[PDB]
Each structure stands twice: as C-alpha cells, then as structure tokens.
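Raw contents of data.cif, mmCIF, N, CA and C atoms:
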```cif
data_final
loop_
_atom_site.label_atom_id
_atom_site.label_comp_id
_atom_site.auth_asym_id
_atom_site.auth_seq_id
_atom_site.Cartn_x
_atom_site.Cartn_y
_atom_site.Cartn_z
N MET M 1 6.17 -66.02 49.91
CA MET M 1 5.60 -64.66 50.09
C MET M 1 6.56 -63.60 49.58
N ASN M 2 7.79 -63.61 50.11
CA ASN M 2 8.80 -62.65 49.68
C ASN M 2 9.41 -63.12 48.37
N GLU M 3 9.58 -62.21 47.44
CA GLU M 3 10.08 -62.55 46.12
C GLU M 3 10.83 -61.38 45.50
N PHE M 4 12.15 -61.36 45.70
CA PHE M 4 13.02 -60.37 45.09
C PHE M 4 12.74 -60.22 43.60
N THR M 5 12.52 -59.00 43.20
CA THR M 5 12.32 -58.67 41.80
C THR M 5 13.28 -57.56 41.40
N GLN M 6 13.99 -57.78 40.31
CA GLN M 6 15.00 -56.84 39.86
C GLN M 6 14.36 -55.50 39.53
N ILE M 7 14.95 -54.43 40.02
CA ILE M 7 14.35 -53.12 39.88
C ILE M 7 14.75 -52.50 38.55
N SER M 8 13.75 -52.11 37.78
CA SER M 8 13.97 -51.50 36.49
C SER M 8 14.64 -50.14 36.65
N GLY M 9 15.84 -50.02 36.10
CA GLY M 9 16.55 -48.76 36.14
C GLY M 9 17.67 -48.75 37.15
N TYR M 10 18.14 -49.93 37.55
CA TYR M 10 19.25 -50.02 38.50
C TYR M 10 20.25 -51.10 38.09
N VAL M 11 21.46 -51.03 38.63
CA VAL M 11 22.53 -51.95 38.28
C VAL M 11 22.14 -53.40 38.51
N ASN M 12 21.66 -53.71 39.71
CA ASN M 12 21.17 -55.05 40.01
C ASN M 12 20.47 -55.01 41.35
N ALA M 13 19.48 -54.16 41.46
CA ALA M 13 18.80 -53.97 42.72
C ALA M 13 17.53 -54.76 42.67
N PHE M 14 17.13 -55.32 43.78
CA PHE M 14 15.94 -56.13 43.80
C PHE M 14 15.03 -55.72 44.93
N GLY M 15 13.77 -55.60 44.63
CA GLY M 15 12.79 -55.30 45.63
C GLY M 15 11.89 -56.48 45.88
N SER M 16 12.14 -57.17 46.97
CA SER M 16 11.38 -58.33 47.32
C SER M 16 10.26 -57.93 48.26
N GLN M 17 9.03 -58.10 47.84
CA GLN M 17 7.91 -57.67 48.66
C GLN M 17 7.52 -58.74 49.66
N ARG M 18 7.07 -58.28 50.80
CA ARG M 18 6.73 -59.15 51.93
C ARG M 18 5.61 -58.52 52.75
N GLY M 19 4.39 -58.61 52.24
CA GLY M 19 3.24 -58.04 52.92
C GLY M 19 3.42 -56.58 53.28
N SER M 20 3.22 -55.69 52.30
CA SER M 20 3.29 -54.24 52.50
C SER M 20 4.74 -53.74 52.60
N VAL M 21 5.54 -54.37 53.45
CA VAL M 21 6.95 -54.02 53.56
C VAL M 21 7.76 -54.61 52.41
N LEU M 22 8.63 -53.79 51.86
CA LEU M 22 9.39 -54.14 50.68
C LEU M 22 10.87 -54.26 51.03
N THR M 23 11.53 -55.29 50.51
CA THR M 23 12.98 -55.43 50.68
C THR M 23 13.69 -54.91 49.44
N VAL M 24 14.43 -53.85 49.60
CA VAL M 24 15.07 -53.21 48.47
C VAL M 24 16.57 -53.35 48.62
N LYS M 25 17.14 -54.26 47.84
CA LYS M 25 18.55 -54.53 47.93
C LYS M 25 19.26 -54.06 46.67
N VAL M 26 20.58 -53.92 46.74
CA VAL M 26 21.38 -53.51 45.59
C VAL M 26 22.52 -54.49 45.35
N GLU M 27 22.65 -54.99 44.12
CA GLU M 27 23.73 -55.93 43.83
C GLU M 27 24.68 -55.34 42.81
N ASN M 28 25.92 -55.77 42.88
CA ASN M 28 26.95 -55.26 41.99
C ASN M 28 27.03 -56.15 40.76
N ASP M 29 27.97 -55.88 39.87
CA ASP M 29 28.15 -56.68 38.66
C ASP M 29 28.67 -58.05 39.06
N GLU M 30 29.20 -58.09 40.27
CA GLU M 30 29.76 -59.29 40.84
C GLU M 30 28.66 -60.22 41.34
N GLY M 31 27.43 -59.73 41.32
CA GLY M 31 26.31 -60.52 41.77
C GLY M 31 26.13 -60.45 43.27
N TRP M 32 27.04 -59.76 43.93
CA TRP M 32 26.98 -59.58 45.35
C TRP M 32 26.04 -58.45 45.71
N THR M 33 25.19 -58.67 46.70
CA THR M 33 24.38 -57.59 47.21
C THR M 33 25.23 -56.74 48.12
N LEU M 34 25.48 -55.54 47.66
CA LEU M 34 26.36 -54.62 48.34
C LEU M 34 25.72 -54.13 49.62
N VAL M 35 24.48 -53.70 49.51
CA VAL M 35 23.67 -53.42 50.69
C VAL M 35 22.21 -53.75 50.41
N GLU M 36 21.45 -53.93 51.46
CA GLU M 36 20.06 -54.31 51.35
C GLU M 36 19.25 -53.70 52.49
N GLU M 37 18.09 -53.14 52.17
CA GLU M 37 17.27 -52.49 53.17
C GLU M 37 15.85 -53.03 53.12
N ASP M 38 15.16 -52.99 54.25
CA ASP M 38 13.75 -53.31 54.27
C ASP M 38 12.95 -52.09 54.67
N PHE M 39 11.87 -51.87 53.97
CA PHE M 39 11.02 -50.72 54.19
C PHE M 39 9.57 -51.16 54.33
N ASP M 40 9.00 -50.98 55.51
CA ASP M 40 7.58 -51.24 55.70
C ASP M 40 6.82 -49.93 55.57
N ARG M 41 5.66 -49.98 54.91
CA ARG M 41 4.96 -48.76 54.51
C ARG M 41 4.35 -48.03 55.71
N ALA M 42 4.41 -48.65 56.88
CA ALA M 42 3.88 -48.04 58.09
C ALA M 42 4.81 -46.94 58.60
N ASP M 43 6.00 -46.86 58.02
CA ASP M 43 6.99 -45.86 58.41
C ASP M 43 6.65 -44.53 57.75
N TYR M 44 5.93 -44.63 56.64
CA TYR M 44 5.67 -43.51 55.80
C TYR M 44 4.22 -43.08 55.92
N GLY M 45 3.91 -41.94 55.35
CA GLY M 45 2.57 -41.42 55.39
C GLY M 45 1.86 -41.58 54.07
N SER M 46 2.62 -41.92 53.05
CA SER M 46 2.07 -42.13 51.73
C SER M 46 2.87 -43.16 50.94
N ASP M 47 2.23 -43.76 49.95
CA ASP M 47 2.89 -44.69 49.05
C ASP M 47 3.99 -44.00 48.23
N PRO M 48 3.70 -42.81 47.63
CA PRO M 48 4.70 -42.06 46.86
C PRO M 48 5.96 -41.78 47.67
N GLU M 49 5.74 -41.38 48.92
CA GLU M 49 6.83 -41.20 49.87
C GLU M 49 7.68 -42.44 49.89
N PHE M 50 7.00 -43.54 50.10
CA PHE M 50 7.62 -44.82 50.25
C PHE M 50 8.44 -45.16 49.03
N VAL M 51 7.80 -45.16 47.87
CA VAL M 51 8.46 -45.55 46.63
C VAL M 51 9.64 -44.62 46.32
N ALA M 52 9.47 -43.33 46.63
CA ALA M 52 10.52 -42.35 46.43
C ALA M 52 11.68 -42.63 47.38
N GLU M 53 11.37 -42.68 48.66
CA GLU M 53 12.36 -42.89 49.71
C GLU M 53 13.06 -44.24 49.54
N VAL M 54 12.30 -45.23 49.14
CA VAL M 54 12.77 -46.61 49.05
C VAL M 54 13.79 -46.78 47.94
N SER M 55 13.42 -46.42 46.72
CA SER M 55 14.31 -46.59 45.59
C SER M 55 15.45 -45.59 45.66
N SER M 56 15.21 -44.46 46.30
CA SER M 56 16.22 -43.43 46.46
C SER M 56 17.24 -43.86 47.51
N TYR M 57 16.81 -44.69 48.45
CA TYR M 57 17.69 -45.13 49.52
C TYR M 57 18.68 -46.13 48.98
N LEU M 58 18.17 -47.16 48.32
CA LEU M 58 19.03 -48.14 47.68
C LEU M 58 19.94 -47.43 46.68
N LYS M 59 19.43 -46.38 46.02
CA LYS M 59 20.20 -45.58 45.10
C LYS M 59 21.41 -44.97 45.80
N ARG M 60 21.13 -44.34 46.94
CA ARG M 60 22.14 -43.69 47.74
C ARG M 60 23.01 -44.71 48.49
N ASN M 61 22.60 -45.97 48.48
CA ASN M 61 23.29 -46.99 49.25
C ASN M 61 24.15 -47.90 48.37
N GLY M 62 23.94 -47.86 47.06
CA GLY M 62 24.64 -48.79 46.19
C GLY M 62 23.96 -49.00 44.85
N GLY M 63 22.77 -48.45 44.71
CA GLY M 63 22.02 -48.62 43.49
C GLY M 63 22.38 -47.61 42.45
N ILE M 64 23.06 -48.07 41.43
CA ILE M 64 23.38 -47.23 40.30
C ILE M 64 22.25 -47.35 39.30
N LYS M 65 21.72 -46.23 38.86
CA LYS M 65 20.70 -46.24 37.83
C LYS M 65 21.19 -46.95 36.57
N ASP M 66 20.28 -47.25 35.65
CA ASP M 66 20.63 -47.96 34.42
C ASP M 66 21.90 -47.40 33.79
N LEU M 67 22.99 -48.15 33.98
CA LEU M 67 24.32 -47.71 33.60
C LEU M 67 25.34 -48.71 34.14
N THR M 68 25.01 -49.30 35.30
CA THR M 68 25.82 -50.35 35.93
C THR M 68 27.26 -49.91 36.14
N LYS M 69 27.52 -49.32 37.30
CA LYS M 69 28.86 -48.85 37.61
C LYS M 69 29.44 -49.62 38.78
N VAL M 70 30.52 -50.34 38.53
CA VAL M 70 31.26 -50.99 39.59
C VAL M 70 32.13 -49.95 40.30
N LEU M 71 31.55 -49.29 41.29
CA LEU M 71 32.22 -48.21 41.99
C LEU M 71 32.33 -48.51 43.48
N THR M 72 31.18 -48.60 44.13
CA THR M 72 31.11 -48.82 45.58
C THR M 72 31.69 -47.63 46.33
N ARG M 73 30.81 -46.74 46.78
CA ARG M 73 31.22 -45.58 47.56
C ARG M 73 31.86 -46.03 48.86
#
```
As structure tokens, the full file:
Amino acid sequence: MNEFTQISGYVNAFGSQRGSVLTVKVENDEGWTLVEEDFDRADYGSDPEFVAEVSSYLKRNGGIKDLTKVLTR
C-alpha cells in the first residue's frame, strides 16, 4: 500500500502514500533520511493546503529543492 516515491524538485525526498495520508521524507546525498513526516489529509481543509504544507514542511525540515545541498540545518 505505502510506496515511497522520490519527490520531483528535491535533494532526495520521498512521498510514500498510504490511503489519503502521505509520508513525506527527506534524504541526504548520503542516502540517509534526515527527517520524515506523515501527513493525513484530514488535518487540512483542502488538497492544495495539504500539498503546499506537506512539501513545504519537508522543505523546511531537510528538503533541498533541485540543487542537492549537503548542509543539514
């Protein structure tokens, strides 16, 4: 059911979907998932909210946009 899929436009972030709720993780160049979050759409009031908040969260948590930066805040 759950299947991590690499997110287009991030260093190595994967969004594994699991029945409405999405697992949005961020991996470094080291292949290590630096942080990982799960977001169920029942938390939000809209899908756009969700997709915005979701990819923006992993972004703010470790997801570097297409550029791949080994930084780690």
With distances taken over only N, CA and C atoms, which residue among M:21, M:7, M:58, M:52 lies nearest residue 36 of chain M? M:58
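The residues caught by the PyMOL selection byres ((chain M and resi 62) around 8) in this file are residues 10, 11, 12, 13, 25, 26, 27, 28, 34, 35, 36, 56, 57, 58, 59, 60, 61, 63, 64, 65, 72 and 73 of chain M.
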Neighbours of residue 20 of chain M within 8 Å (only N, CA and C atoms; same-chain residues fewer than 5 positions away dropped), as a PyMOL selection string? chain M and resi 39-42
Between M:51, M:37, M:5, M:70, which residue has the minimum interatomic distance to residue 17 of chain M, considering only C-alpha atoms? M:5
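One distance worth recording is that between atom C of residue 53 of chain M and atom CA of residue 71 of chain M, which is 21.0 Å.
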Determine which residues of chain M DSSP labels as helix (DSSP H, G or I) from the backbone of this structure, then write them out as a ChimeraX atom specification. /M:41-43,47-61
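If you count only C-alpha atoms and ignore residues fewer than 4 places along the chain from residue 16 of chain M, what sits within 8 Å of it is residues 2, 3, 4, 5, 22, 23 and 24 of chain M.
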Output N, CA and C atoms for every residue in the selection just made, as a CSV table (one decimal), in the frame of the given file.
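Result file follows (again03.csv):
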```
chain,number,residue,atom,x,y,z
M,2,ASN,N,7.8,-63.6,50.1
M,2,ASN,CA,8.8,-62.6,49.7
M,2,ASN,C,9.4,-63.1,48.4
M,3,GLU,N,9.6,-62.2,47.4
M,3,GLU,CA,10.1,-62.6,46.1
M,3,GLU,C,10.8,-61.4,45.5
M,4,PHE,N,12.2,-61.4,45.7
M,4,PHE,CA,13.0,-60.4,45.1
M,4,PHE,C,12.7,-60.2,43.6
M,5,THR,N,12.5,-59.0,43.2
M,5,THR,CA,12.3,-58.7,41.8
M,5,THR,C,13.3,-57.6,41.4
M,22,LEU,N,8.6,-53.8,51.9
M,22,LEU,CA,9.4,-54.1,50.7
M,22,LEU,C,10.9,-54.3,51.0
M,23,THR,N,11.5,-55.3,50.5
M,23,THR,CA,13.0,-55.4,50.7
M,23,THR,C,13.7,-54.9,49.4
M,24,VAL,N,14.4,-53.8,49.6
M,24,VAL,CA,15.1,-53.2,48.5
M,24,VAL,C,16.6,-53.4,48.6
```
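The coordinates place atom CA of residue 29 of chain M at 7.3 Å from atom CA of residue 68 of chain M.
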Going by DSSP on the backbone, which residues of chain M come out as strand (DSSP E or B)? List them as a list in words. residues 3, 6, 10, 13, 14, 15, 16, 17, 18, 21, 22, 23, 24, 25, 26, 27, 33, 34, 35, 36, 37, 38, 39 and 65 of chain M
Rounded to one decimal, what separation in Å do you get between atom C of residue 45 of chain M and atom C of residue 14 of chain M? 21.4 Å
